[PDB]
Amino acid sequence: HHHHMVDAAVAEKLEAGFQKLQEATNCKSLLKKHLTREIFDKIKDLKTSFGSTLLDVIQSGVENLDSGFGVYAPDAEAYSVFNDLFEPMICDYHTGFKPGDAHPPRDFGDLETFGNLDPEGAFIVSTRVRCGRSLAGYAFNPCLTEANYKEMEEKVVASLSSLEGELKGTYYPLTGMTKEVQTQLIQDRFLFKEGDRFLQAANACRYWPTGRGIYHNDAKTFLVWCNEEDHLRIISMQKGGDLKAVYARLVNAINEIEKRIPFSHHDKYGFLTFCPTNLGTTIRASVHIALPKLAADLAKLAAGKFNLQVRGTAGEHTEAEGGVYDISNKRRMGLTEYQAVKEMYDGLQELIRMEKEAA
């Protein structure tokens, strides 16, 4: 496909979408904020080599005006071709990253500098680190062919099936998934299903459920989703606060996978993903921590000095311990994997120190 020229159908649909954006003077999306007429007029007739147009970028945010972000990348090249829109959006969303920055190369860092977090079990309820990856060479969802989905899944399965030791586990395809397995995966909170209206409207569920599946280790402390939104979503998690173990498991897993499957990467934006909220390190770390003494003061948002975000957790007495907060990394881009996780580690250590010291 050539870099220019969209057909008349695409052009008409883009203009109507832009107008809908405009008349919705109520719309809070990043798409509406950043897709100015000037930018729209500049990029509306461009296509990637896969044939993706601006409509394949913005259609979800147009159809779902309540979108928070409102664009997706239909293939890795969209990030360059439609960069006039992607760049301001990405840089608005991602704390500490600005136009002209180059996201640093991957570096998981020295695992030995993590570890002793809450061995007592007095504070941290659970620890989780999620990452995402696209496979080098493949389009993203709106552009994948049925044979692409099958081939990608075969490759992913070959790699996960070869995993040994702590990562050894089972792959469950969505194709022909039984009621029994569906139920078991729902109990585990491991099941995904056809995407919500945001993903449907992005054409991200074509050929469902071909090439979609779920892998977890026997311990249920390592989970992979194949083709849920990104080619790969990779999660390490467990009860308690052993961030070293959680992070080491994920690092080992990603290194083993990459030995067999190279990832899509970008010199400025880091690992490329279908949703640009997942760029850079792609890291989404989350620790549930009980801080009932600090809960009184909410000068807790201390966490900010380590670039960490604090969120309350739901439930009543009968369900959940009180004063438990979800602590996560605000930074995904413009820092290495090691810096992102060490920020969590350092900040949590301080929070706990503060909790022990509070009256």
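Residue numbers here begin at 1 and follow the sequence given.
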Checklist entry - In this entry, is the chain continuous from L301 to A302, or are deposited residues missing in between (none, 1 to 3, 4 to 9, 10 or more)? => result 1 to 3
Checklist outcome for this item: Going by the entry, of stretches 118 to 126 and 92 to 100 the one with greater average Cα B-factor is 118 to 126
Item to check | Stretch with the higher entry mean CA B-factor, where the candidates are 273 to 281 and 138 to 146 | outcome: 138 to 146
Item to check | Candidate set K305, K44, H34, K330 [ranked by C-alpha B-factor, highest] | outcome: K305
Checklist entry - Which third, lowest, middle or highest, does the CA B-factor of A11 fall in along this chain? => result highest
Item to check | CA B-factor ranking of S236, expressed as a third of its chain | outcome: lowest
Checklist entry - Compared with the other modelled residues in the chain, in which third is the CA B-factor of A24? => result highest
Checklist outcome for this item: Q187: CA B-factor among chain residues, third -> middle
Item to check | Within-chain third of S162 by Cα B-factor, per the entry | outcome: highest
